[PDB]
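Take a look at this one chain, the form deposited in one PDB entry, written out in structure tokens.
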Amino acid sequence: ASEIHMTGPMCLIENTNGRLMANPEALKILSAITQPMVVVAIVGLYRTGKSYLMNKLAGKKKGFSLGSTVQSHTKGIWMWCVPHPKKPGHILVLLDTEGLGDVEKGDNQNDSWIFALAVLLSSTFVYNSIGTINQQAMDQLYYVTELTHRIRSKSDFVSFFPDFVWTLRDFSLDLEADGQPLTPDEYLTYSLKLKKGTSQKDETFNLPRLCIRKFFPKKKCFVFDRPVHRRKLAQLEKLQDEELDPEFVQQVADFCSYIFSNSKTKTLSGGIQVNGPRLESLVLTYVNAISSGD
């Protein structure tokens, strides 16, 4: 219940050589926080600005470490526990994950794990991508959703599955379909729109769109214009809202507000609300669930 005590992030799960390992020092910290938790994790391709956006949710210009090269930067899964801006006695647990698709690691399977863990530990899951919603992205989602079930196994009065938010970065297109205007949320609905008919494939189509809309209780989508611009992008955290594109600042604001006011408390199947100790448990159960027996 302590006083705003987490200066910066800390690796919660280590990722070395295809070996995900819970970090004791973080687990030691979780066992200390007894307040209920609102966990928010982000996931998406590497080098898509995930950490930078996760900081905005912490209200600090500095926090989750960024990188400005073509090389994967955030490794494993990081946690940052901070007082909840809108819920007293609540703890906002921010989770930053290792980017997907790094061509130096080239480990689809290893990605599947981090991705899955993130969904398993969140109460609000944020899927971050550039420009648009892709089928490939939407397929990866579906796969991990299923992979998430398998994992739970080796471990319907109001679920405990995470709410969902899809973030679109450096957006640069009109955002309108079939001559008729769209809002982020509608665009996301449009992409998950089921196929009115039937067919061997006319169904293999909406198959994922079913599970995705079923798995994630609530959905939401936010668009984000490219922060500042080329040349200033490698120094984004120093620059203040002044030098940044207004549109973005607004987009970030509206996103944080959405999160601060709608992200639910993490609850275990049974209704029990998740807190430091219970979260520390979930990790171990899952990390150990992963690895070892298939």
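Between two forms, the rigid core is defined as the largest C-alpha subset superposing within 1.5 Å. Residue positions are given as counts along the sequence shown, with the first one as 1.
The discussion below concerns the form deposited in another entry, not included here.
Asks: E146: CA shift of at least 2 Å between this form and the one not shown after core fit?
Replies: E146: C-alpha displaced by less than 2 Å between this form and the one not shown.
Asks: For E237, state whether the C-alpha moves by 2 Å or more between this form and the one not shown after rigid core superposition.
Replies: It does shift by 2 Å or more.
Asks: Taking the rigid core as the superposition reference, indicate whether the CA of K86 shifts 2 angstroms or more between this form and the one not shown.
Replies: Shift of 2 Å or more: no.
Asks: Do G63 and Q251 have their C-alpha atoms closer or farther apart in the other entry than here, with the shift being 3 angstroms or more?
Replies: Compared with the shown chain, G63-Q251 is closer in the other entry.
Asks: Check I91 against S65 at the C-alpha atoms and report closer or farther in the other entry, compared with the shown form; the change is 3 Å or more.
Replies: Farther: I91 and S65 separate by 3 Å or more in the other entry.
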